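Read the structure below first, then the notes.
Residue numbers run from 1 in the order of the sequence given. Ligands are counted one by one from 1 in listed order, and the atoms in each one are counted from 1 as well. Side chains are part of it too, since the values below use all heavy atoms of this structure and drop only hydrogens, waters and symmetry mates.
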Amino acid sequence: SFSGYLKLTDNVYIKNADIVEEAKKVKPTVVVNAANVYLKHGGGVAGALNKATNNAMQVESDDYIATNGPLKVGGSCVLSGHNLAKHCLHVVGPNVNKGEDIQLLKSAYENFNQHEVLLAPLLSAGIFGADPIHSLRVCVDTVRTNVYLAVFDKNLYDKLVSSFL
Ligand SMILES: O=C(Nc1cnc2[nH]ncc2c1)c1ccncc1Cl
């Protein structure tokens, strides 16, 4: 169902797209959220995905945290995808702006290997403060399942493709 993606490797694909609009169109089995440990979906990709669910993602997430406690940096949980996907895989990449360890980015991408196909953003990019070129390199070298990356910013998309090794 994914269309218009540039193939980077055997299993990694990329497109300049808004992941909310992509999720509404494709209705994938799994959409990845760029989550934090508290599942507080305030801004970035998480704020956008939650807004698109009319805050239902945040209501479900607050119940999950009340029962289970916070996730680990590098960890994940599977929740509903609401109106966007069958499931949302909430993945916590390190937040460099909070001083978190960038070596946890590979552990974060390992969560994707539990799902055959995913629609995802680049982990730890955007407001999480990591270099998106590094994030794409770790993604290609860690994920073995089929990943469709949506990059919101056109200028960043072009730089990611042009500099891809
Ligand atoms: O907020 C939106 N997009 C958005 C914003 N900021 C982002 N950062 N990273 C991804 C992303 C996406 C939006 C646009 C159109 N329809 C629904 C929504 Cl919820």
Side-chain angles (χ1 to χ4, degrees), residues 1-6 8 12-62 64 71 73-98 100 102 104-105 108-109 111-112 115 117-140 142-143 146-164:
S1 310
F2 292 93
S3 74
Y5 284 76
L6 170 70
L8 297 179
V12 181
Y13 297 81
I14 194 165
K15 189 185 184 175
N16 176 32
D18 176 333
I19 193 173
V20 171
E21 293 302 309
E22 198 71 3
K24 291 181 182 179
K25 182 130 176 50
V26 173
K27 318 216 161 142
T29 303
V30 179
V31 65
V32 175
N33 182 32
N36 53 57
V37 296
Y38 304 109
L39 299 183
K40 283 304 189 212
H41 309 303
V45 166
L49 290 173
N50 176 59
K51 180 178 176 189
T53 73
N54 180 48
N55 209 51
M57 177 182 287
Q58 189 65 65
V59 169
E60 177 196 32
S61 295
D62 288 347
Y64 172 92
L71 282 67
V73 176
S76 70
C77 69
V78 180
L79 292 175
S80 181
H82 300 276
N83 57 318
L84 305 173
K86 178 170 192 185
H87 301 298
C88 178
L89 177 73
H90 296 272
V91 180
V92 188
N95 189 323
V96 175
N97 296 324
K98 298 179 180 172
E100 295 171 350
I102 196 58
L104 294 161
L105 185 55
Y109 273 116
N111 296 283
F112 286 26
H115 298 280
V117 58
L118 314 89
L119 171 62
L122 287 168
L123 302 179
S124 295
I127 69 180
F128 280 60
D131 179 351
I133 293 175
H134 175 64
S135 185
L136 178 55
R137 182 73 263 163
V138 176
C139 179
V140 160
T142 304
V143 181
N146 295 323
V147 59
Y148 292 83
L149 298 164
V151 175
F152 180 61
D153 195 281
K154 172 61 164 160
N155 291 144
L156 174 58
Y157 172 83
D158 288 345
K159 181 181 183 29
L160 286 166
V161 170
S162 286
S163 60
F164 184 68

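A salt bridge links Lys40 with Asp62: the closest approach of a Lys/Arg side-chain nitrogen to an acidic carboxylate oxygen falls below 4.0 angstrom.
Residues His41 and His90 bring their aromatic ring centres within 6.0 Å.
At least one N/O-N/O distance between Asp18 and ligand 1 falls below 3.5 Å.
Judged by distance alone, the side chain of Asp153 and the main-chain N or O of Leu156 form a donor-acceptor pair under 3.5 Å.
Between the choices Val20, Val45, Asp153, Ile19, the shortest heavy-atom distance to atom 18 (C) of ligand 1 belongs to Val20.
Taking the six-membered ring where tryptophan is involved, the planes of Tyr148 and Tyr5 are perpendicular, since the angle between them exceeds 60° and thus also 30°.
The nearest protein atom to atom 1 (O) of ligand 1, hydrogens excluded, is given as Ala48 CB, 3.5 Å; this is a heavy-atom distance. Closest to atom 16 (N) of ligand 1 among all protein heavy atoms lies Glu21 OE2, 2.9 Å.
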